[PDB]
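Novice: What follows is a single structure, and I will ask about it in a moment.
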Amino acid sequence: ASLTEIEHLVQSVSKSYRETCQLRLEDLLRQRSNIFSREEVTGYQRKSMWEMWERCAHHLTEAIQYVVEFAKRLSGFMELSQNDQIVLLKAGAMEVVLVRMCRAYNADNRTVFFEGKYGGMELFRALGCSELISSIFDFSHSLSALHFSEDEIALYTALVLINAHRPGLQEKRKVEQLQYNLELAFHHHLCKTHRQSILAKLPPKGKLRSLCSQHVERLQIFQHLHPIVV
Ligand SMILES: Cc1c(NC(=O)c2cccc(C#N)c2)ccc2c1c(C1CCN(C(=O)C3CCCC3)CC1)cn2C
């Protein structure tokens, strides 16, 4: 593929991300000073695991929507079979939500944006899954260290979604081609921005997949005991 085709793909993913980023980076950064008081923290910690489950499920479904919209705006995604689209989204939408979380994470105080303010992992005490929440905080902490640009997130999360290795892909060669184009797009933009160094610093492919697997397992248990309608 020619260099203008690669650049166009970079511009496209970058534009698709801008339109589906949920909140602008500037807004998240600004609101870092808007932190929960000790009383608000105590408020959340006193809630039952069921009220906390409802609040986290509401936040995660709002997050998944923007990711679904992001995927729909990706070059060649709509062209795939409904089965192949679903295979890609069921496997990768939650992995993208985990990557996008680094933008609303503040490494200075180890806080996250949740329900209009910033709070530490102590906010999620009532859920009773401190190991899982501590692992999600660790993953966001390691990505925050990379100081990802908005276009770097766009390209990386596009590559999380467009994966030819997903079990159950019918049109596997189409997906292999789209993944190949996006990989040239990602390498090209990193060279143009003098950021090829981040490639080494990225999480091992298995890390994201394993953390998402753990997260979803926990959400499935909560769904079985206390279902929530979309
Ligand atoms: C909320 C959040 C953000 N905020 C955002 O991503 C955010 C919020 C509002 C606009 C935008 C935007 N744009 C981003 C960023 C980093 C985060 C989190 C969290 C939560 C996630 C939800 N929770 C769960 O699923 C538990 C896990 C077990 C079952 C329920 C508890 C832990 C952890 N870290 C590291």
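Chain labels A, B, ... are given in the sequence in which chains occur in the structure tokens; within each chain residues are numbered consecutively from 1, and ligands are likewise numbered from 1 in the order shown.
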Can you write out as a Markdown table which residues of chain A fall within 8 Å of ligand 1, alongside each residue's closest atom pair and its distance in Å to one decimal, counting only C-alpha atoms and all ligand atoms and ordering rows by chain and ascending residue number?

Specialist:
```
| residue | atom | partner | partner_atom_place_in_ligand_line | distance |
| --- | --- | --- | --- | --- |
| A:21 | CA | ligand 1 | 13 (N) | 5.8 |
| A:22 | CA | ligand 1 | 13 (N) | 4.2 |
| A:23 | CA | ligand 1 | 13 (N) | 3.8 |
| A:24 | CA | ligand 1 | 13 (N) | 6.6 |
| A:25 | CA | ligand 1 | 13 (N) | 7.4 |
| A:28 | CA | ligand 1 | 12 (C) | 7.2 |
| A:52 | CA | ligand 1 | 30 (C) | 7.6 |
| A:53 | CA | ligand 1 | 30 (C) | 5.8 |
| A:56 | CA | ligand 1 | 22 (C) | 4.6 |
| A:57 | CA | ligand 1 | 25 (O) | 6.6 |
| A:59 | CA | ligand 1 | 22 (C) | 6.7 |
| A:60 | CA | ligand 1 | 22 (C) | 6.4 |
| A:63 | CA | ligand 1 | 11 (C) | 7.4 |
| A:97 | CA | ligand 1 | 6 (O) | 7.1 |
| A:98 | CA | ligand 1 | 6 (O) | 7.5 |
| A:100 | CA | ligand 1 | 6 (O) | 6.3 |
| A:101 | CA | ligand 1 | 6 (O) | 3.7 |
| A:102 | CA | ligand 1 | 16 (C) | 6.0 |
| A:103 | CA | ligand 1 | 14 (C) | 6.9 |
| A:104 | CA | ligand 1 | 15 (C) | 4.6 |
| A:105 | CA | ligand 1 | 16 (C) | 5.0 |
| A:111 | CA | ligand 1 | 16 (C) | 7.7 |
| A:112 | CA | ligand 1 | 15 (C) | 4.6 |
| A:113 | CA | ligand 1 | 4 (N) | 4.4 |
| A:114 | CA | ligand 1 | 1 (C) | 4.7 |
| A:115 | CA | ligand 1 | 9 (C) | 6.8 |
| A:116 | CA | ligand 1 | 9 (C) | 7.3 |
| A:121 | CA | ligand 1 | 33 (C) | 7.3 |
| A:124 | CA | ligand 1 | 31 (C) | 6.2 |
| A:127 | CA | ligand 1 | 30 (C) | 6.8 |
| A:129 | CA | ligand 1 | 28 (C) | 6.3 |
| A:132 | CA | ligand 1 | 28 (C) | 6.3 |
| A:133 | CA | ligand 1 | 27 (C) | 5.5 |
| A:134 | CA | ligand 1 | 35 (C) | 7.8 |
| A:136 | CA | ligand 1 | 35 (C) | 4.8 |
| A:137 | CA | ligand 1 | 35 (C) | 3.8 |
| A:138 | CA | ligand 1 | 35 (C) | 7.2 |
| A:139 | CA | ligand 1 | 35 (C) | 7.2 |
| A:140 | CA | ligand 1 | 35 (C) | 5.3 |
| A:141 | CA | ligand 1 | 35 (C) | 7.7 |
| A:215 | CA | ligand 1 | 28 (C) | 5.9 |
| A:218 | CA | ligand 1 | 29 (C) | 5.9 |
| A:219 | CA | ligand 1 | 29 (C) | 5.4 |
| A:222 | CA | ligand 1 | 29 (C) | 7.6 |
```

Novice: DSSP on the backbone, helix (DSSP H, G or I) only: what residues of region 76-230 of chain A does that give? Format it as a PyMOL selection string.

Specialist: chain A and resi 82-104+121-127+130-144+150-161+172-192+198-201+205-225

Novice: Pick out the residues sitting within 12 Å of residue 73 (chain A), and hand them over as an MDAnalysis selection string; count only C-alpha atoms, and ignore anything fewer than 6 positions along from it in its own chain.

Specialist: chainID A and resid 9 12:20 66:67 79 154 158 161

Novice: Within region 4-222 of chain A, find each residue whose DSSP state, derived from the backbone, is strand (DSSP E), and express the selection as a PyMOL selection string.

Specialist: chain A and resi 105-106+111-114+117-119

Novice: Find the distance between CA of residue 160 (chain A) and CA of residue 216 (chain A) and write it in Å to one decimal.

Specialist: 16.4 Å
